Structure formats: structure tokens, C-alpha cells
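Have a look at the structure below before the remarks.
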Amino acid sequence: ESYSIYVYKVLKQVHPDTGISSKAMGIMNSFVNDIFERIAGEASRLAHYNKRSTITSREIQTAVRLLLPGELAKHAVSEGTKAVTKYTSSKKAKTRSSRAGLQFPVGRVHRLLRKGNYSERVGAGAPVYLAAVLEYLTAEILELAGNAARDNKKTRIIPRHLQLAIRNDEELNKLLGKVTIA
Amino acid sequence: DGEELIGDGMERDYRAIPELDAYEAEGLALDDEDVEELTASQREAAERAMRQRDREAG
Amino acid sequence: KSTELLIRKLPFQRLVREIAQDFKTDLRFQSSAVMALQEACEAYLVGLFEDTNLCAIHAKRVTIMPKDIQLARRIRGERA
Amino acid sequence: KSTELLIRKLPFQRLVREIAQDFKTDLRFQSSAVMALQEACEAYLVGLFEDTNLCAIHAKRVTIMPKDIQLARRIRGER
Amino acid sequence: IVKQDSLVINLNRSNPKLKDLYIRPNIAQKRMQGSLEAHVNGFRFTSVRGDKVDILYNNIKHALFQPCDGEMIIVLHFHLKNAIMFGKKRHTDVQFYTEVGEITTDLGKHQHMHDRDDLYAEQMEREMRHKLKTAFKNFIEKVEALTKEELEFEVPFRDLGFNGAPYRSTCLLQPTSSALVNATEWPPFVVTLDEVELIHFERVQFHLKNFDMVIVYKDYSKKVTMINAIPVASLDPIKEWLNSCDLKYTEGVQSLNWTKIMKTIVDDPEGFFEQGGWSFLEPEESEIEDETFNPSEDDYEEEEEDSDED
Amino acid sequence: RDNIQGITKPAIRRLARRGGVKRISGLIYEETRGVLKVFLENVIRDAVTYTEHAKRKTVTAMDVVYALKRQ
Amino acid sequence: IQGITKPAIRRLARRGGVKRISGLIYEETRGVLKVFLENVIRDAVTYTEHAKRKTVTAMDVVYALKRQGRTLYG
């Protein structure tokens, strides 16, 4: 799956005047798919452990707590709960993405969650929570990768800027676990 | 005893040999959108089969 | 780049196809698939060499031996 | 079954409840939970000691030292 | 190889002394044990077998104190300005250490008792450790008083320590005010910070859990010093400590032939600085190859909408 | 609260004896204790996360076993 | 044979921090790689078989690597 245009939206939000190279964009996409598979896999195992047949926002939240390190877990949980309450309080927004105040596609997330056969049923709040977590992690990475690009006096984020952002952050390095990329 | 790795002639290993620096296209094949993305159910069944294969050996 | 060229690409792809002849008799590989394969092989070998040099240092030897390689793999959980 | 519980149950259970206090979350522990923790901790330590003894042999030493423990954990990929 | 002034021994009450010390290096192939005595202008070490080794205050380049906290021994180390000889060959480093105890307890039927008295013996070890550290501290203060600030002992900063392998053995190196030091393992590692021209870090790249650290001296005939296989987690801390001692550092993916580099420099010292000096260590094709992202293949419609509702 | 001191030196000695260790340096005990406190912490951190997902204040044995699968 | 060149083996060990090499290493390294590459291909072709494709793609390689170590490509 391709999340590139949504990563570009997130990049324009944290660093309005910073671009990204084709290899670096492909790196961001593979990170998003990797974590999506990990969080989705953890939410399905939790759904079978409690003998439920449905994955709700609660299953996504506990999965994010288990996989992310401390501060990243706290920040991702906060963003997820905020997007769910925005989606749960107001019906006015035309698109489900703008309903929760997110750039990442909630509909694509919900479609992929159901495609993977992780559970019998997928609740309404789970894809909003997963999209918000994916958006925050992309923002934190792009913020740090943008900070590295500014320090190198480069106008765009190239692969090595991504590597610096990741391994120099303890939690980001732990979360990726030094996945290999070239 | 052994064989040093840091000394004069170290650079000899790092020569660009163009006949060997690139992939050849003998068995390499290019789909031009002919191949398809792997389907989720097939991936699940493949992982199940690989688990069964691993169990029978170790 | 001269530094980045760790494994020559052509002998690696001959070895990939020689292994490919043992699982499915007629196979074709994508250029991106083999390039990912070479990248992964180089990173795994470097990670094993680092552990090996750690084992050699533990043995008070500047030179690494198959003793060190086998110990690193055993602790890593590869071959009993 | 075959496993013998070397670590005394009471001080280990003290340690488990201390770990609960550090996290600052108040939860109860079943007795079965604490024993499963004790079995896993002892098994992990024995397995780590096996790799540690392997490191000591490689150094031509009969005695194990913290050097050996650190090397084995480093290769295992721990922190 | 270098003449040394005769030790000035005064017979009086002021004679600070310290017992139960093993000398490194030894004089025979057997561990010689004796006592260290602080005289007017130097130290006298009296062995049980009568062996006596002397070290002048003016001959001490670095007096180092390693406390027994976190170690099996407590050490006084001395790196000398000029080499001295007391056994066969000449020794440039001389140290005196006292073991904490329990060095090698062995498992078997001898420790099968597994009594609960080890708590009291732990206190006896704690008292022994506090005794050893207090006696070493008192002897250092007496000697630092005697020299009239001619020689200052230095205590390593374990907060700044890191694990590295200079001598093909992964040990702990701790900075001091004047040097980078590891005196717990023989042979010892002493490098004077003042004598360091710069630092170059090799094998620094993603997906690597270790790196080599290269020490280049202001004296260019001296071969560089390697510290191999430091965890990557120790890189940024070491860098900061270097910034506190005003030592310039560089990075490099590829390991460099330093013996060849030094030779090229020494045989033409002038032309080396005309290319820029050490400008080759710090940077200033890959931009042309990579392509910046642009909107392509339109985008997903995202207008599917619908929800479970009730 | 220092209960990582409460894991006895004999208990460390017994664990090494089952592990094949013949001879042990003095500094091992503290290193063993710190390693254990790290490992137990990771499991307990995970285990409590399962317990409150089921909305319970009591950690069960099944919570411990699922956390061990992660490590 | 394997044909993984001795200079390629040397370059790998150099980046790993190795300073001195025993002559036995070259064939030992070749044998170790022969294990590792075989295992990944065994998993990857299985992913290829389940899809009605006779050509292994990069995504098949990445899926096999997820079982051991994740790569962020493709």
C-alpha cells in the first residue's frame, strides 16, 4: 500500500519548506507498512486472547502501548484518544479523515484492517486510532529528519537524514530496531 | 599466524570492475506490470505451510 | 562508489540462481528482489563479523578464527 | 516437573511487588503468576549462564567474570 | 636508559606508608608483594624478599587513584615521564594494587552449605572495602601534602567511562582531568589529553553496533592509537567529553591506513598543509541520482466514506 | 525498597551451578541481579498491560505467559 | 562453486571491525552465507508459490526477511 501523499501532507505540516527524495519517500512508506503490520498483528492476538470477535479502539491502544517505548507510547496513546473523541463527538465533517482531524486516511486503514483477516469484525474506533498513531510517528520522524536536513543545510530529506533522526533518538532506534536500508 | 587487513595494498580490493559491478539480465526478468501483488490470504496460508515445514524438521 | 561496493553484484546473483535451482526448477527473479537480497546478506554478515571480532577480542587474539564465528552464531541462536 | 525452584519464593515475590511499585500502577498478582515469573527468570538466568560459561571457555578461563556476561548479552541483543 | 636522582630518605616521624601492595609489573615471574613508603622526593617500595624500587616525585607524569568501587582491586598507578628499570627490560608504567577479596569463589560441594551468614560476611567485606578506600585516601592526602602541590593525584570519572578494546581486551576507559585511563588491567592504557592532536572515528554508519576510535598525536612520528569495538551508544557521550577538553573529532565510514598516512605526512610535512592540512577528514553525484518527490499517479479518492453506524 | 538485594548470593550460586559454571568472580552477583531486574521488569511491564486490557486489577498466570512470548 | 570472492569477504570483515584474518575464514564465510541465503530463499519462494506467479518479487524477499530481520525497501 502507498501512504506517500499522506506523508507529504504530514511533511508540509511540520516542515512546510522541506522536500524529500524518492529513496527517502520509499523508506517512510516501508516504515509505515512495517509498523501497521506490527500494530495490526498485536491487536489481532489481543482480540483472540480476550475471546472477542471484534477489534475496537481498545485493542489498538493496548497494542501501541506494548510495541512503542515509553514516551512514544504515551504520545501515541494521547493522539489516538484525541482522534477517537473528535470522531465520537461530532458528525459534521464530510470525510472520516477530517472527522478525527487527521491527514492519514481512516478509510484506507479500515479497509486494510478488514482485508488482513485479523478478526471477525472491525470496530469504528480502531482505524481512527491506528491512523492517528501512524500520523504521530510519521510526524515525529519527519520532524527529526527535517531537523537533520536543516542542520546539513539541505532543502530535502535524503536517506541518511532519516537514519540520523532514527538512531539518535533512543526510542526511535529501539522501535525500528536498526532495520537495514540502502 | 594470520593475515593483516589494514596495510599497504588495502586499496587493491576496492577497484571498480564494471563487468562485475552490475546485475546481468540472463535470468533476471522484468514484468512490466505483469506480476501481481501477493494476496493476504495466500500470505497467511504460506506462513502456515512454512510453520508446518519447520515443525517437521526443528 | 568504491566504499559502498562490499559484495560484487554478479557473483552474488550467480549464487542466488544456483540456490534457486533447488526449490523451484524454473524461476525468475526481479532486479529489486536480488538487490534487496544482496543488501540483506551484506548487513547480516557485517553484524556477524562484529560479534566475531568481539569474540576474538575476548580470546586475546588480533586474528579471527572459525572458533569465533561458531561461538557468535551459537549465542545468536542460529546453529545449536 | 523436572525443574527445581532454586530461588526462594518469598524474596522473589517481594521483588515482583517492588517492580509493581516502581511502575506506579497498583495491581494484584496471582500466585500462579508469580511462580511463572520465577520459573522464567531462573530459566533465563541458567541459559544466560550457559552462554556466559561458553564465553569463559573461549577465554581459556575456568572462572566466569562480568566480562563474560556482558559479551553474551551483547551478542544476544539485549540492553 | 635515563639517569634518576638518588632517593632522599630521612629518618624521622614523617614517613607515610601503605602495606599489602602488589607491584605491576613484577620483578620475577612471581607476584612480589611489599610496602610503599613516601619520602622527601620520591617513593620507596620495600619487598618482602628485600627488593626495593624507587620512583621520584619529579619523574611522575600521571599519578592515578582507582577506587575499589565497582572493581575487584584498589590501585595506585603511576605513568612516568621517563622509563625506569627494576627487572629485566624497562617499564614505563608502575602500579600498586590491593585486592578486595572473594576474587574466585568456586562452586561444588565446598560451598554446598549455602548458609545465611553471607550477609554478615558481606558487612565484613563492606568494612574491608571502606577500610581500603579510607586508607588509600588518607595516604594520598599525606603525599599530596608532602609534595606541596608538585604532584596531584587524579581520580577517573566513571560517569564518562566507555568500553573499548585498545589492547585486544574489552576494558573500561575512564577520562581524568589530564588523561584517558584504564588501570584495572595490565598492560595499562594511559593517553595524555594534551598530547592529542585530534580524534577520528572509523566504521561509523547505520546498522553497526560498534566502531573504532583513532587517536592521533601532535607528534606525527608516533603511531596512532586504536580503540576498537566501542558500542554505538557510547559515541555521543564520548563526543561531548571531547568537546569539554577542546579536542576536535571527525567521522568516517571507512577505516584508514594510518601508518601510511603518517609516513606521507612526515616525509613531506609542507605539502600536507597546502592541500588543506587535515581538511580531508571533514567533508567539503548522489544529489543528481536521487529524485525529489512530486505528486504522481494522482491520489486515492478518499471519498468512499460510509460507516457501520447503528 | 531494595529487594534486588533479597535474591540471595547462594541462589545466584545455584543458578550458575545448574548452568554449568564451575568458578565465579565476586562481581558476578551484582551483575546477575541487575540483569534479572531488567528481565523481570520487561515481563512485568508487558504482563500488567495485558491485565488492564481485559479490565482487571489482578494479574493472572495467563497474563504472564503472553508477556513471555514477546521476549 | 560459490564464487563469492575473497576480496569481497575481506571488505565485509573490514567493515565489521576485523583487523586480522585467518586463511580458513574465506571458506567458512562462504559456508555460513550458503546457509543464510538458502533459508531466506526457501521462505521467499513459498510466498511466491502461493501467489500464481513464477517470478519472485522484491516483496517476497521482504516478507521472508520479516521472519528474521526487517528491511525498509519496496
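Residues in the C-alpha cells are numbered from 1 in each chain, the chains being A, B, ... in the order shown, and ligands are numbered from 1 in the order shown.
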> Counting only C-alpha atoms, what is within 6 Å of stretch 4-19 of chain G, bar same-chain residues fewer than 6 positions away, as a PyMOL selection string?
Replying inline: (chain B and resi 5+13) or (chain C and resi 6-7+46+49-50+53)
Any chance you could export the current selection's N, CA and C atoms as a PDB file, in the first residue's frame?
```
ATOM      1  N   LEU B   5      44.732  -6.898   7.507  1.00  0.00           N
ATOM      2  CA  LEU B   5      43.740  -6.268   6.647  1.00  0.00           C
ATOM      3  C   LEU B   5      43.957  -4.777   6.447  1.00  0.00           C
ATOM      4  N   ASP B  13      41.620  -4.057  -3.123  1.00  0.00           N
ATOM      5  CA  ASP B  13      40.311  -4.701  -3.116  1.00  0.00           C
ATOM      6  C   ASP B  13      39.223  -3.776  -3.645  1.00  0.00           C
TER       7      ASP B  13
ATOM      8  N   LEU C   6      30.614  -3.582  -1.322  1.00  0.00           N
ATOM      9  CA  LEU C   6      31.131  -4.630  -0.451  1.00  0.00           C
ATOM     10  C   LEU C   6      31.180  -5.980  -1.159  1.00  0.00           C
ATOM     11  N   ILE C   7      30.052  -6.428  -1.703  1.00  0.00           N
ATOM     12  CA  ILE C   7      29.977  -7.673  -2.457  1.00  0.00           C
ATOM     13  C   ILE C   7      29.788  -7.335  -3.924  1.00  0.00           C
ATOM     14  N   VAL C  46      28.028  -8.502   8.114  1.00  0.00           N
ATOM     15  CA  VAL C  46      28.702  -7.479   8.912  1.00  0.00           C
ATOM     16  C   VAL C  46      28.317  -7.605  10.382  1.00  0.00           C
ATOM     17  N   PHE C  49      30.217 -10.476  11.681  1.00  0.00           N
ATOM     18  CA  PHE C  49      31.636 -10.156  11.824  1.00  0.00           C
ATOM     19  C   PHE C  49      31.900  -9.303  13.059  1.00  0.00           C
ATOM     20  N   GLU C  50      31.014  -8.347  13.357  1.00  0.00           N
ATOM     21  CA  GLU C  50      31.169  -7.550  14.573  1.00  0.00           C
ATOM     22  C   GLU C  50      31.154  -8.436  15.813  1.00  0.00           C
ATOM     23  N   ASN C  53      34.474 -10.349  15.915  1.00  0.00           N
ATOM     24  CA  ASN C  53      35.591  -9.573  16.441  1.00  0.00           C
ATOM     25  C   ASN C  53      35.458  -9.368  17.944  1.00  0.00           C
TER      26      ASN C  53
END
```
>> Residues of chain F within 10 Å of chain E, counting only C-alpha atoms, what are they? List them as a VMD selection string.
In response: chain F and resid 8 to 11 13 to 14 16 to 17 20 to 27 30
>> Excluding stretch 52-69 of chain F and its own-chain neighbours fewer than 5 positions away, which residues fall within 12 Å of it when counting only C-alpha atoms? Please give them as a VMD selection string.
In response: (chain A and resid 42 to 43 45 to 52 56 to 67) or (chain D and resid 16 to 17 20 25 to 41 43 to 44) or (chain F and resid 39 to 47)
> Can you list, as a list in words, every residue of chain F that DSSP puts in strand (DSSP E or B)?
Replying inline: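 Result set for chain F (strand (DSSP E or B)): residues 23, 24, 25, 58 and 59 of chain F.
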Expected file contents, prior selection, N, CA and C atoms, as a CSV table (one decimal), in the first residue's frame:
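Wrote again_16.csv, looks like this:
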```
chain,number,residue,atom,x,y,z
F,23,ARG,N,33.3,-21.9,38.4
F,23,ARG,CA,34.0,-20.9,39.2
F,23,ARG,C,33.5,-19.5,38.9
F,24,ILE,N,33.3,-18.7,39.9
F,24,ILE,CA,32.6,-17.4,39.7
F,24,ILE,C,33.4,-16.3,40.3
F,25,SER,N,33.5,-15.2,39.6
F,25,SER,CA,34.1,-14.0,40.2
F,25,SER,C,33.1,-13.3,41.1
F,58,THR,N,-6.2,-7.6,38.7
F,58,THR,CA,-5.5,-8.8,39.2
F,58,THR,C,-4.7,-9.5,38.1
F,59,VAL,N,-3.4,-9.5,38.1
F,59,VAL,CA,-2.6,-10.1,37.1
F,59,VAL,C,-2.7,-11.7,37.3
```
> What are the residues of chain B that have an atom within 10 Å of an atom of chain G, counting only C-alpha atoms, as a VMD selection string?
Replying inline: chain B and resid 1 to 6 10 12 to 14 28 to 31 34 to 47 49 to 50
Within 12 Å of chain D: each chain A residue with its shortest pair, only C-alpha atoms, as JSON lines:
```
{"residue": "A:70", "atom": "CA", "partner": "D:23", "partner_atom": "CA", "distance": 11.4}
{"residue": "A:170", "atom": "CA", "partner": "D:79", "partner_atom": "CA", "distance": 11.8}
{"residue": "A:174", "atom": "CA", "partner": "D:79", "partner_atom": "CA", "distance": 10.3}
{"residue": "A:177", "atom": "CA", "partner": "D:77", "partner_atom": "CA", "distance": 10.1}
{"residue": "A:178", "atom": "CA", "partner": "D:77", "partner_atom": "CA", "distance": 11.5}
```
>> Please find the residues of chain A near chain G - the criterion being any atom within 9 Å, counting only C-alpha atoms - and write them as a ChimeraX atom specification.
In response: /A:23,26-31,34,176-182
Those residues with N, CA and C atoms, as a short mmCIF file (atom, residue, chain, number, x, y, z; two decimals), in the first residue's frame please?
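Final output, result-v3.cif:
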```cif
data_model
loop_
_atom_site.label_atom_id
_atom_site.label_comp_id
_atom_site.auth_asym_id
_atom_site.auth_seq_id
_atom_site.Cartn_x
_atom_site.Cartn_y
_atom_site.Cartn_z
N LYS A 23 14.13 7.92 -2.79
CA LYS A 23 14.55 6.83 -1.92
C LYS A 23 14.07 7.07 -0.49
N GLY A 26 10.38 6.29 -0.20
CA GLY A 26 10.17 4.86 -0.13
C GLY A 26 10.53 4.28 1.22
N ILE A 27 11.49 4.89 1.91
CA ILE A 27 11.84 4.47 3.26
C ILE A 27 10.69 4.75 4.22
N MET A 28 10.12 5.96 4.14
CA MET A 28 9.00 6.31 5.00
C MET A 28 7.82 5.37 4.78
N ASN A 29 7.54 5.03 3.52
CA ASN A 29 6.43 4.13 3.22
C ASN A 29 6.64 2.75 3.83
N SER A 30 7.86 2.22 3.72
CA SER A 30 8.14 0.90 4.27
C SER A 30 8.06 0.90 5.79
N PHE A 31 8.45 2.00 6.43
CA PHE A 31 8.28 2.12 7.87
C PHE A 31 6.80 2.08 8.26
N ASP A 34 5.49 -1.41 7.83
CA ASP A 34 6.06 -2.28 8.86
C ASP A 34 5.34 -2.12 10.19
N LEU A 176 12.46 0.99 15.68
CA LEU A 176 12.86 0.39 14.41
C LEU A 176 13.82 -0.78 14.61
N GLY A 177 14.56 -0.81 15.72
CA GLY A 177 15.50 -1.90 15.95
C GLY A 177 16.58 -1.99 14.90
N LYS A 178 17.01 -0.84 14.37
CA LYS A 178 18.07 -0.77 13.36
C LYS A 178 17.74 -1.63 12.14
N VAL A 179 16.52 -1.45 11.62
CA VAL A 179 16.17 -2.08 10.35
C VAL A 179 17.10 -1.57 9.26
N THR A 180 17.52 -2.47 8.38
CA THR A 180 18.53 -2.16 7.39
C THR A 180 17.91 -1.60 6.12
N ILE A 181 18.53 -0.55 5.58
CA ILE A 181 18.02 0.16 4.42
C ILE A 181 19.19 0.79 3.67
N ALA A 182 19.20 0.62 2.35
CA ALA A 182 20.18 1.28 1.49
C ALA A 182 19.63 1.42 0.07
#
```
